[PDB]
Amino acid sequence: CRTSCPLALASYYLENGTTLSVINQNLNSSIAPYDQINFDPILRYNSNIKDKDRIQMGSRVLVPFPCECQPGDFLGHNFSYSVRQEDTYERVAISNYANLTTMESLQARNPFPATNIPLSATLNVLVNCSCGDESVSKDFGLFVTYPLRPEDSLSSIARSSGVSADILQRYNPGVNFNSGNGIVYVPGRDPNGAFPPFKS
């Protein structure tokens, strides 16, 4: 890979009842180790969360995770997921991982036929990330993998991220930020609200 960085952030949209524990379980990693007791690694990136035990539907939770070079020379991370009753690749992608992965990606990289995924199988779940692009800006080196929703637009994400629309578009060239699907990469802040800069 041409770029590298020590972490990325995943944007997990809340619907149908998701708790912080389930997010931490699904997105467990060395960077956010799930122990059911200490959620500080996640909470540091979400100062807006007043009560970790009662999170608000319709909001997004930012989760830090490692951002590693993958075969095929792109950046991402392999999460692991223990299969539960009635899981399907579609449901795991759209619901359990909140569009941070795709059903096609899951099906390609796991050996279970779509119609036979047994209880307690483990899935390899790929979520992509970015470390930035020096030709766009030297000012950003931490990125949110942000699945687009119908309510998002370039202007709304620019406003909420505090990053200019032109910079956002240059990081995501040719991508319509109002399309309501797929992922865009948005510069993110450290726990104190500063943007970590790009690092070669």
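Numbering starts at 1 and runs along the sequence shown.
Trainee: Looking only at CA atoms, which has the higher mean B factor in the entry: 144 to 152 or 22 to 30?
Mentor: Averaging CA B-factors over each stretch, the winner is 144 to 152.
Trainee: Please compare 8 to 16 with 186 to 194 and name the stretch with the higher mean C-alpha B-factor in the deposited structure.
Mentor: It is 186 to 194.
Trainee: Among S82, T102, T115, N96, single out the one with the highest C-alpha B factor in the record, please.
Mentor: That would be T115.
Trainee: So where's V61 on the chain's Cα temperature factor ranking, which third?
Mentor: It belongs to the lowest third of the chain when residues are ordered by C-alpha B-factor.
Trainee: Is the Cα B-factor recorded for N110 in the lowest, middle or highest third of its chain?
Mentor: It falls in the middle third of the chain.
Trainee: Which third of the chain does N78 land in by C-alpha B-factor: lowest, middle or highest?
Mentor: Bottom third by C-alpha B-factor.
Trainee: Among the chain's modelled residues, which third holds the C-alpha B-factor of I42?
Mentor: Lowest third of the chain for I42's C-alpha B-factor.
Trainee: Sorting the chain's CA B-factors, does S120 end up in the lowest, middle or highest third?
Mentor: As the PDB entry reports it, the C-alpha B-factor of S120 lands in the highest third of its chain.
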